[PDB]
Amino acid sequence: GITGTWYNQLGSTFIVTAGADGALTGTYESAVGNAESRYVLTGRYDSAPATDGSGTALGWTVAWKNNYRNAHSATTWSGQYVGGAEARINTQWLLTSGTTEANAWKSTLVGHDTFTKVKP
């Protein structure tokens, strides 16, 4: 299932536990950006997905502050878990930095990450 250790296409490490109540908890270690070591993540997933072959919807957030760095920013990943021989979590993400109002127009980056249980 969702619980386990996942890697995105750039080598970031996503260590997640999916709880009975729909909770996602764990740590994220980024391979890019103003980041170093692990950061806390929390999120939610559908704990009773459809039974028609559909994926399992989920999302989570990392605020890029830990005991060693603070980038004044946060990423959310929104996506779905797809089971099978090679399980996969396909996501799109938004990375918002704290800005002044005049700079808010350039506050948010967008991209897509795919996660598997093997290193890229």
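All residue numbers refer to positions in the sequence shown, first residue = 1.
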{"item": "Entry-level comparison of average CA B-factors, 88 to 96 and 61 to 69, reporting the higher stretch", "value": "61 to 69"}
{"item": "109 to 117 set against 4 to 12, stretch whose average Cα temperature factor tops the other in the entry", "value": "4 to 12"}
{"item": "Which of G43, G33, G55, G26 ranks first by CA B-factor in the deposited coordinates", "value": "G33"}
{"item": "Options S47, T51, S78, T75 - largest CA temperature factor per the record", "value": "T51"}
